[PDB]
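>>> With the input below, show me the fold.
(2 chains)
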Amino acid sequence: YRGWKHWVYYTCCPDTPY
Amino acid sequence: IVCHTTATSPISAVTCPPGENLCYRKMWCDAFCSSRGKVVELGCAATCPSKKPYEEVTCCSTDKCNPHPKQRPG
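Numbering: from 1, shown residues only, chains lettered A, B, ... in the order given. Here you go, the structure:
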């Protein structure tokens, strides 16, 4: 259908090292 | 003169290296933008003529120019 969106574009929610 | 990695992240294996120049950082900032942005991008350029009316890119020299997710909302 849809595919689609997605944002943006955010640096939100890092990466992580851990 | 050494940038971090970019986007999402703190770390990987870094440097904008042979020449030329600057860690070319796109930052949306809708207007206003009051508490707004949460948009990096960056992949280096050779030059600083990004400086214009409705931009995003500003050139990013000197160090690590790199912010975060801006959002430390605060």
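>>> what residues does chain A put near chain B?
A:8, A:9, A:10, A:11, A:12, A:13, A:14, A:15, A:17 (CB under 8 Å from any CB of the partner chain). Every C-beta, even on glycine, is put in place using the N, C-alpha and C of the backbone.
>>> Name the residue closest to the centre of chain B, please.
residue B:25 (2.3 Å; CA atoms, centre = their mean).
>>> so what's it closest to, chain neighbours aside?
Once flanking residues are discounted, residue B:25 sits nearest to residue B:60: 4.0 Å by CB to CB, 6 or more residues apart in numbering or on different chains.
>>> The one you found contacts residue B:21, correct?
No: between residue B:60 and residue B:21 there is no contact under CB atoms under 8 Å: 9.7 Å.
>>> And the two? Which one has more around it.
Ranked by neighbour count (other CB atoms under 10 Å in any protein chain shown), residue B:60 and residue B:21 place residue B:60 first, with 24 against 15.
>>> Check which helix or strand the more buried one maps to.
Counting by DSSP states H and E, no helix or strand carries residue B:60.
>>> Can you name the residues that contact it?
When contacts are counted by CB atoms under 8 Å, 6 or more residues apart in numbering or on different chains, residue B:60 touches B:3, B:22, B:23, B:24, B:25, B:42, B:66.
>>> How about residue B:30?
Applying CB under 8 Å, 6+ apart, the residues near residue B:30 are residue B:36.
>>> distance of it from chain A?
11 Å (CB to the nearest CB, to the nearest Å).
>>> Same check on residue B:41?
Distance, residue B:41 to chain A, by CB to the nearest CB: 7 Å.
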